[PDB]
Number of protein chains: 2
Amino acid sequence: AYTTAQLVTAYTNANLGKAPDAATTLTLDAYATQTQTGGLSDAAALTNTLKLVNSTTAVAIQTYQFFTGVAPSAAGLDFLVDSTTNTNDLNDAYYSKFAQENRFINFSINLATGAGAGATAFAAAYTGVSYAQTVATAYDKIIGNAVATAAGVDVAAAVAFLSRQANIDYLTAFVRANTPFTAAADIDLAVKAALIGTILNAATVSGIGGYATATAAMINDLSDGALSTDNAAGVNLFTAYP
Amino acid sequence: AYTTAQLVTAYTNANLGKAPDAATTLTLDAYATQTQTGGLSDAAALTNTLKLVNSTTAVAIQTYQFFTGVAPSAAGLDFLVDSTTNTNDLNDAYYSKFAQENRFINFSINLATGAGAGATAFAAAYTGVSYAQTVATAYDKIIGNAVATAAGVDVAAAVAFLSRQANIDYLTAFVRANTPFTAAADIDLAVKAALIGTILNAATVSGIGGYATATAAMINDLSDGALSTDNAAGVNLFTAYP
Ligand SMILES: [Ca+2]
Ligand SMILES: [Ca+2]
Ligand SMILES: [Ca+2]
Ligand SMILES: [Ca+2]
Ligand SMILES: [Ho]
Ligand SMILES: [Ho]
């Protein structure tokens with residue numbers, strides 16, 4: 001049985017020192033009183049609390065891992081999510097009009113195609129490969145292929161959907177309008193980055209797959225105030241949380 | 001098998017020393033003779049007896065808990081329900097023309113928006129949140145969300161109903177006419193209080209949910225004359241009756 005004052009501290013540390021909105025406080029409060037009456041177990045309540053930190057935090061853990069091969073350190077996460085120094089950060093003013101999806105896409109393009117940390121590596125790996133393959137391989141990397149089928153979701157129907165011509169056209173226009181790219185190669189390259197972003201979203205929302213399960217465990221460890229692993233130059237998810 | 005003289009004592013202590021009306025005596029009598037013939041079990045008869053004390057007592061236990069975080073002590077309950085000192089009390093002359101519903105609404109507005117004990121806390125918690133969210137979160141706090149679905153009642157249909165525009169308009173007029181509030185903020189705040197009141201009624205009438213089940217157990221303990229928990233400065237329902 002959690003006091004409503006414990007669930008807010010668990011939420012605050014997950015959000016890296018951002019105190020919850022008035023609205024969400026009421027949501028947390030419901031989860032507390034549903035544990036005092038035994039209409040909800042303890043572990044269940046805590047998971048739902050940490051589910052609310054998806055947009056702010058999970059966006060920074062997941063994308064960094066996929067592109068640079070390592071999740072940011074606790075100190076680094078602070079900078080990306082909730083800081084004094086970064087004027088514009090994930091739980092700040094700039095981003096308050098981006099949905100969950102457009103947050104993932106934003107982070108992806110940044111890290112991948114710009115002067116970002118992942119640019120040189122992602123540029124060499126995904127050159128001269130088709131949209132179809134980009135999606136298929138990435139789907140398997142993130143969500144697994146075996147795991148998805150066991151979970152009951154049909155892989156073939158999902159991959160086809162993401163790579164249909166209508167989808168590609170939508171992104172092409174999106175990337176052309178928003179990003180300062182004009183070259184034919186860089187636009188192509190950025191579209192791929194946006195697709196992988198879309199997949200990361202689709203992963204974290206369903207809870208299936210390796211990426212989603214590890215990120216959940218990192219946020220759980222981060223909940224209590226102190227991150228156990230906390231290597232100075234980044235934590236590799238798959239090493240630390242088996 | 002209960003003698004009709006035992007069911008009246010069980011009713012009297014639940015009502016805190018108010019002896020039942022002529023009409024209800026006849027109802028209790030039926031419940032007695034239905035236990036002597038074995039057309040009704042013992043526990044069943046006693047529950048129905050205590051179901052009749054809903055309007056008078058359950059109104060004071062439930063509302064106090066929701067707004068001040070603690071049900072009133074036995075001594076306090078006496079004051080609210082059936083006393084010499086309080087000229088106007090729940091089972092007295094003032095309230096004899098209020099239905100069950102309007103009793104809940106009355107108590108809510110008192111405790112929440114006035115100079116009542118809950119004013120300062122409720123004022124800070126429910127400021128700058130919409131009608132929709134007020135209802136949704138409160139529904140879950142009181143009735144549970146998981147519990148309701150298992151019980152078979154569809155949550156979405158019920159919450160939508162409570163927050164439909166027609167409902168809000170009815171209350172707005174109601175609050176404006178009855179309460180001495182003229183400010184635009186206080187009226188807004190009082191409407192929310194009235195909604196939560198409506199939900200408390202809807203809870204106690206169906207028997208579903210954490211709030212309703214605990215209040216039933218407190219009344220059962222109060223039935224025999226002596227309240228076991230009886231902390232001087234209030235009994236927290238969810239601690240005392242697991
Ligand atoms: Ca900032
Ligand atoms: Ca930890
Ligand atoms: Ca009196
Ligand atoms: Ca007792
Ligand atoms: Ho922070
Ligand atoms: Ho009394």
# chains A, B, ... in the order shown; residues from 1 in each chain; ligands from 1

$ residues_near_ligand --ligand "ligand 5" --cutoff "12 Å" --atoms "only C-alpha atoms and all ligand atoms" --output "PDB file with N, CA and C atoms, in the first residue's frame"
ATOM      1  N   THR A  12       8.663  11.871  -9.649  1.00  0.00           N
ATOM      2  CA  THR A  12       9.567  13.009  -9.741  1.00  0.00           C
ATOM      3  C   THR A  12      10.977  12.557 -10.129  1.00  0.00           C
ATOM      4  N   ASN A  13      11.465  11.470  -9.521  1.00  0.00           N
ATOM      5  CA  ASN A  13      12.818  11.004  -9.789  1.00  0.00           C
ATOM      6  C   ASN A  13      12.918  10.422 -11.195  1.00  0.00           C
ATOM      7  N   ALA A  14      11.844   9.769 -11.654  1.00  0.00           N
ATOM      8  CA  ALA A  14      11.771   9.269 -13.017  1.00  0.00           C
ATOM      9  C   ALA A  14      11.809  10.425 -14.019  1.00  0.00           C
ATOM     10  N   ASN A  15      11.190  11.559 -13.661  1.00  0.00           N
ATOM     11  CA  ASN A  15      11.181  12.733 -14.518  1.00  0.00           C
ATOM     12  C   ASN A  15      12.404  13.621 -14.258  1.00  0.00           C
ATOM     13  N   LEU A  16      13.310  13.196 -13.349  1.00  0.00           N
ATOM     14  CA  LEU A  16      14.608  13.823 -13.055  1.00  0.00           C
ATOM     15  C   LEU A  16      14.504  15.210 -12.389  1.00  0.00           C
ATOM     16  N   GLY A  17      13.462  15.310 -11.548  1.00  0.00           N
ATOM     17  CA  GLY A  17      13.251  16.459 -10.685  1.00  0.00           C
ATOM     18  C   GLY A  17      12.126  17.392 -11.139  1.00  0.00           C
ATOM     19  N   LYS A  18      11.376  17.011 -12.187  1.00  0.00           N
ATOM     20  CA  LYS A  18      10.180  17.749 -12.572  1.00  0.00           C
ATOM     21  C   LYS A  18       8.989  17.216 -11.781  1.00  0.00           C
ATOM     22  N   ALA A  19       8.355  18.118 -11.022  1.00  0.00           N
ATOM     23  CA  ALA A  19       7.213  17.799 -10.179  1.00  0.00           C
ATOM     24  C   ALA A  19       5.936  17.754 -11.019  1.00  0.00           C
ATOM     25  N   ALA A  74      23.225   9.247 -15.993  1.00  0.00           N
ATOM     26  CA  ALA A  74      22.267   9.940 -15.145  1.00  0.00           C
ATOM     27  C   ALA A  74      22.425  11.454 -15.277  1.00  0.00           C
ATOM     28  N   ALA A  75      23.683  11.922 -15.233  1.00  0.00           N
ATOM     29  CA  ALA A  75      24.053  13.323 -15.385  1.00  0.00           C
ATOM     30  C   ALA A  75      23.572  13.864 -16.733  1.00  0.00           C
ATOM     31  N   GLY A  76      23.774  13.059 -17.782  1.00  0.00           N
ATOM     32  CA  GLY A  76      23.374  13.405 -19.136  1.00  0.00           C
ATOM     33  C   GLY A  76      21.858  13.472 -19.284  1.00  0.00           C
ATOM     34  N   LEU A  77      21.171  12.460 -18.742  1.00  0.00           N
ATOM     35  CA  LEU A  77      19.721  12.407 -18.777  1.00  0.00           C
ATOM     36  C   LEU A  77      19.150  13.692 -18.190  1.00  0.00           C
ATOM     37  N   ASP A  78      19.714  14.126 -17.047  1.00  0.00           N
ATOM     38  CA  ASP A  78      19.313  15.360 -16.382  1.00  0.00           C
ATOM     39  C   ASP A  78      19.282  16.476 -17.424  1.00  0.00           C
ATOM     40  N   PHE A  79      20.363  16.583 -18.206  1.00  0.00           N
ATOM     41  CA  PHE A  79      20.493  17.649 -19.184  1.00  0.00           C
ATOM     42  C   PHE A  79      19.374  17.578 -20.229  1.00  0.00           C
ATOM     43  N   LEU A  80      19.076  16.368 -20.714  1.00  0.00           N
ATOM     44  CA  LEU A  80      18.125  16.191 -21.801  1.00  0.00           C
ATOM     45  C   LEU A  80      16.685  16.386 -21.327  1.00  0.00           C
ATOM     46  N   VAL A  81      16.400  15.977 -20.085  1.00  0.00           N
ATOM     47  CA  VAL A  81      15.019  15.860 -19.647  1.00  0.00           C
ATOM     48  C   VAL A  81      14.601  17.060 -18.791  1.00  0.00           C
ATOM     49  N   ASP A  82      15.383  17.400 -17.736  1.00  0.00           N
ATOM     50  CA  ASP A  82      14.988  18.377 -16.713  1.00  0.00           C
ATOM     51  C   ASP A  82      16.147  19.074 -15.976  1.00  0.00           C
ATOM     52  N   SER A  83      16.489  20.239 -16.554  1.00  0.00           N
ATOM     53  CA  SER A  83      17.660  20.998 -16.164  1.00  0.00           C
ATOM     54  C   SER A  83      17.420  22.506 -16.231  1.00  0.00           C
ATOM     55  N   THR A  84      18.285  23.180 -15.463  1.00  0.00           N
ATOM     56  CA  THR A  84      18.428  24.623 -15.355  1.00  0.00           C
ATOM     57  C   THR A  84      19.196  25.168 -16.563  1.00  0.00           C
ATOM     58  N   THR A  85      20.203  24.398 -17.021  1.00  0.00           N
ATOM     59  CA  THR A  85      21.226  24.819 -17.977  1.00  0.00           C
ATOM     60  C   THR A  85      20.680  24.793 -19.405  1.00  0.00           C
ATOM     61  N   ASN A  86      20.029  23.675 -19.761  1.00  0.00           N
ATOM     62  CA  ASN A  86      19.289  23.555 -21.003  1.00  0.00           C
ATOM     63  C   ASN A  86      17.961  24.299 -20.853  1.00  0.00           C
ATOM     64  N   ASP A  89      14.377  21.784 -23.047  1.00  0.00           N
ATOM     65  CA  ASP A  89      14.585  20.391 -22.691  1.00  0.00           C
ATOM     66  C   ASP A  89      13.242  19.691 -22.856  1.00  0.00           C
ATOM     67  N   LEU A  90      13.228  18.368 -22.686  1.00  0.00           N
ATOM     68  CA  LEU A  90      12.047  17.608 -23.053  1.00  0.00           C
ATOM     69  C   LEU A  90      10.798  18.022 -22.273  1.00  0.00           C
ATOM     70  N   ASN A  91      10.920  18.248 -20.955  1.00  0.00           N
ATOM     71  CA  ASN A  91       9.756  18.652 -20.175  1.00  0.00           C
ATOM     72  C   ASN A  91       9.718  20.174 -19.989  1.00  0.00           C
ATOM     73  N   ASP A  92      10.059  20.922 -21.050  1.00  0.00           N
ATOM     74  CA  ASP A  92      10.073  22.380 -21.023  1.00  0.00           C
ATOM     75  C   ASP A  92       9.231  22.915 -22.187  1.00  0.00           C
ATOM     76  N   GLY A 225      15.770   7.394  -6.860  1.00  0.00           N
ATOM     77  CA  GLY A 225      16.650   8.539  -6.683  1.00  0.00           C
ATOM     78  C   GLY A 225      18.058   8.318  -7.236  1.00  0.00           C
TER      79      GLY A 225
END

$ residues_near_ligand --ligand "ligand 4" --cutoff "10 Å" --atoms "only C-alpha atoms and all ligand atoms" --output "list in words"
residues 218, 219, 220, 221, 222, 223, 224, 225, 226, 227, 228, 229 and 230 of chain B

$ write_last_selection --atoms "C-alpha atoms" --output "PDB file, in the first residue's frame"
ATOM      1  CA  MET B 218     -17.567   0.493   9.861  1.00  0.00           C
ATOM      2  CA  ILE B 219     -21.366   0.611  10.227  1.00  0.00           C
ATOM      3  CA  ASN B 220     -21.370  -3.123  11.040  1.00  0.00           C
ATOM      4  CA  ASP B 221     -18.869  -2.571  13.867  1.00  0.00           C
ATOM      5  CA  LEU B 222     -20.881   0.436  15.075  1.00  0.00           C
ATOM      6  CA  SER B 223     -24.054  -1.694  15.154  1.00  0.00           C
ATOM      7  CA  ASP B 224     -23.350  -3.521  18.436  1.00  0.00           C
ATOM      8  CA  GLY B 225     -23.091  -0.280  20.447  1.00  0.00           C
ATOM      9  CA  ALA B 226     -19.284   0.100  20.659  1.00  0.00           C
ATOM     10  CA  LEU B 227     -16.808   1.168  17.970  1.00  0.00           C
ATOM     11  CA  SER B 228     -13.599  -0.865  18.336  1.00  0.00           C
ATOM     12  CA  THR B 229     -11.146   1.511  16.586  1.00  0.00           C
ATOM     13  CA  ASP B 230     -12.487   4.801  18.046  1.00  0.00           C
TER      14      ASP B 230
END

$ closest_residue --among "A:232, A:173, A:121, A:217" --to "ligand 2" --atoms "only C-alpha atoms and all ligand atoms"
A:217

$ residues_around --residues "region 159-162 of chain A" --least-positions-apart "5" --cutoff "12 Å" --atoms "only C-alpha atoms" --output "PyMOL selection string"
chain A and resi 131-140+143+145+148+153-154+167-171+192+194-199+202

$ closest_residue --among "B:94, B:2, B:211, B:67" --to "residue 107 (chain B)" --atoms "only C-alpha atoms"
B:67

$ interface_residues --of "chain A" --to "chain B" --cutoff "10 Å" --atoms "only C-alpha atoms" --output "list in words"
residues 21, 22, 23, 24, 25, 26, 27, 28, 29, 30, 31, 32, 33, 34, 35, 36, 37, 38, 39 and 40 of chain A

$ atom_distance --atom1 "CA of residue 175 (chain A)" --atom2 "CA of residue 70 (chain A)"
26.1 Å

$ select_by_dssp --residues "region 20-232 of chain A" --states "alpha helix (DSSP H)" --output "ChimeraX atom specification"
/A:22-36,42-51,59-68,74-81,100-113,119-125,131-143,146-151,155-163,165-178,184-204,210-222

$ closest_residue --among "A:111, A:191, A:208, A:93" --to "ligand 1" --atoms "only C-alpha atoms and all ligand atoms"
A:93

$ atom_distance --atom1 "CA of residue 234 (chain B)" --atom2 "CA of residue 72 (chain B)"
4.9 Å

$ residues_around --residues "residue 114 (chain A)" --least-positions-apart "2" --cutoff "10 Å" --atoms "only C-alpha atoms" --output "compact mmCIF listing (two decimals) with N, CA, C and O atoms, in the first residue's frame"
# COMPACT_ATOMS: atom_id res chain seq x y z
N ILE A 109 15.97 12.31 -35.88
CA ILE A 109 16.59 13.11 -36.93
C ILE A 109 17.80 13.86 -36.39
O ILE A 109 18.84 13.88 -37.05
N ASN A 110 17.68 14.43 -35.19
CA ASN A 110 18.78 15.14 -34.54
C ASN A 110 20.04 14.27 -34.54
O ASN A 110 21.06 14.66 -35.10
N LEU A 111 19.93 13.08 -33.92
CA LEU A 111 21.08 12.23 -33.62
C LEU A 111 21.65 11.62 -34.89
O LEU A 111 22.83 11.28 -34.93
N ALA A 112 20.81 11.48 -35.92
CA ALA A 112 21.14 10.63 -37.05
C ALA A 112 21.79 11.40 -38.20
O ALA A 112 22.85 10.99 -38.67
N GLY A 116 25.00 15.50 -35.38
CA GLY A 116 24.77 14.68 -34.20
C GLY A 116 25.80 13.57 -34.06
O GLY A 116 26.53 13.27 -35.00
N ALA A 117 25.83 12.95 -32.88
CA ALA A 117 26.85 11.98 -32.51
C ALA A 117 26.79 10.73 -33.39
O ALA A 117 27.82 10.09 -33.62
N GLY A 118 25.60 10.41 -33.91
CA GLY A 118 25.37 9.17 -34.64
C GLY A 118 25.51 9.31 -36.15
O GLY A 118 25.42 8.30 -36.85
N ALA A 119 25.75 10.54 -36.64
CA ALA A 119 25.66 10.88 -38.06
C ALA A 119 26.56 10.00 -38.92
O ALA A 119 26.08 9.38 -39.87
N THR A 120 27.85 9.94 -38.56
CA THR A 120 28.89 9.29 -39.35
C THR A 120 28.66 7.78 -39.48
O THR A 120 28.89 7.21 -40.55
N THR A 179 12.94 20.02 -41.87
CA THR A 179 14.39 19.98 -41.78
C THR A 179 15.00 20.88 -42.86
O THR A 179 14.43 21.01 -43.95
N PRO A 180 16.14 21.56 -42.58
CA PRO A 180 16.90 22.29 -43.61
C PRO A 180 17.80 21.40 -44.48
O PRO A 180 19.02 21.59 -44.52
N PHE A 181 17.17 20.44 -45.18
CA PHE A 181 17.83 19.61 -46.18
C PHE A 181 17.18 19.83 -47.54
O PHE A 181 15.95 19.94 -47.64
N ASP A 186 20.32 13.31 -48.58
CA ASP A 186 20.16 13.61 -47.17
C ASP A 186 18.69 13.48 -46.76
O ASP A 186 18.40 13.09 -45.63
N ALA A 190 17.18 10.90 -44.07
CA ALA A 190 16.44 11.42 -42.93
C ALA A 190 15.09 10.72 -42.80
O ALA A 190 14.57 10.59 -41.70
